[PDB]
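Participant: Give me a 3D structure for the following:
(2 chains, ligands or ions: 1)
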Amino acid sequence: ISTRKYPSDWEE
Amino acid sequence: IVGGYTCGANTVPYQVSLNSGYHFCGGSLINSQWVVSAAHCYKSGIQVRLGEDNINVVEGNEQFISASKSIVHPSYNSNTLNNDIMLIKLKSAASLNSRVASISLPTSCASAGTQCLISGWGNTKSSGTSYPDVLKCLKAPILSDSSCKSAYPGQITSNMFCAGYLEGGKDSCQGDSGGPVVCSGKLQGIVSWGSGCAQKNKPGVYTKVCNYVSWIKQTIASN
Ligand SMILES: [Ca+2]
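Facilitator: Residues are numbered from 1 along each chain as shown, chains lettered A, B, ... in the order given. Sure, the structure comes next:
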């Protein structure tokens, strides 16, 4: 599962 | 969007950009005061940017409106991604016009094999990164439930569907989250997740909007 928010889900 | 094409300015007039000093997610305008996006796109202080094509240049048709309310589904789960839907209320109503227009909600769920239009400002590479200035578009089919579950064993709930191409090369990607999957002129999906982007046997996974139409209307009526 990798969400598709920019730049990434984890990066925020 | 990987493997897509340049939509053309304001050809997807329900597409919005959610902005926090940078584009981070898409969304879909469903009436003059409300946007549908993904719950995992929630953040305070969002500015909704409507009428966009080139998100880095002022072209003249933009409306920038702050979010006044954000309402994540009550049963959203950030681990499983189940119920990955959010409603954003605009501080003031958008001025609807040829470049800023609502998308209709579904009256029934869509079927496997129906070609849908997916759009956004997300990454255009399956390996590495290339972020576009202008809106990108992709035509992709809804996959069968059984193929979707085979691709992501144990992870597909009744509130998700897969769309795309099992050979790879054509998919949504980071920066597309929250944006629309439109089929037969209705909003059937919200960009949610996948393993990588545009990888073989790893199709995009989308929130199944038809399961939430009563919740959406009830939430709009009461907020
Ligand atoms: Ca612009």
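Participant: show me where chain A has strands.
Facilitator: A:2-3 (DSSP state E).
Participant: Quick check: most distant residue from the centroid of it.
Facilitator: residue A:1 (10.0 Å; Cα atoms, centre = their mean).
Participant: wait, doesn't residue B:181 sit right on residue B:205?
Facilitator: No: counting by Cβ atoms under 8 Å, residue B:181 sits too far from residue B:205 to count as a contact (10.6 Å). Yep, even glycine has a C-beta here, placed from its N, CA and C like the rest.
Participant: got a list of what the residue farthest from the centre of chain A touches?
Facilitator: By Cβ atoms under 8 Å, 6 or more residues apart in numbering or on different chains, residue A:1 lies in contact with B:80-81, B:155, B:193, B:195.
Participant: roughly how far apart are it and residue B:81?
Facilitator: The gap separating residue A:1 from residue B:81 is 6 Å, by Cβ to Cβ, to the nearest Å.
Participant: cool, and residue B:13?
Facilitator: Counting by Cβ to Cβ, the gap from residue B:13 to residue B:81 is 28 Å.
Participant: of the two, who's got more company?
Facilitator: Set side by side, residue B:13 and residue B:81 show more neighbours around residue B:81, with 24 against 18, by other Cβ atoms under 10 Å in any protein chain shown.
Participant: Report the spatially nearest residue to residue B:136, omitting neighbours in sequence.
Facilitator: For residue B:136, ignoring the flanking residues on the chain, the nearest one in space by Cβ to Cβ, 6 or more residues apart in numbering or on different chains is residue B:1 at 3.8 Å.
Participant: picking that back up, what subset of the contacts of residue A:1 is also close to chain A?
Facilitator: B:80-81, B:155, B:193, B:195 (Cβ under 8 Å from any Cβ of the partner chain).
Participant: which bits of chain B sit near chain A?
Facilitator: Near chain A, when you scan chain B using Cβ under 8 Å from any Cβ, you find B:22-25, B:38, B:40-41, B:43, B:80-81, B:121-123, B:131, B:155, B:172-178, B:191-197, B:204.
Participant: which other residues reach stretch B:60-67?
Facilitator: Residues contacting stretch B:60-67 (Cβ under 8 Å, 6+ apart): B:9-10, B:19, B:45-53, B:88-92, B:94-95, B:99-100.
Participant: quick one: which of these sit in strands?
Facilitator: Checking these against DSSP E, those in strands are B:19, B:47-50, B:88-90.
Participant: how many neighbours does residue 11 have?
Facilitator: Chain wasn't specified; assuming chain A. As a burial measure, residue A:11 scores 9 neighbours (other Cβ under 10 Å).
Participant: that's the wrong chain, I wanted chain B
Facilitator: 14.
Participant: ok, now how distant is it from residue B:182?
Facilitator: Residue B:11 is 12 Å from residue B:182, by Cβ to Cβ.
Participant: sec struct for residue B:221, please.
Facilitator: With DSSP: H, G, I helix; E, B strand; the rest coil as the basis, residue B:221 sits in helix.
Participant: ok, it - contacts?
Facilitator: Going by Cβ under 8 Å, 6+ apart, residue B:221 touches no other residue.
Participant: And what about residue B:150, helix, strand or coil?
Facilitator: helix.
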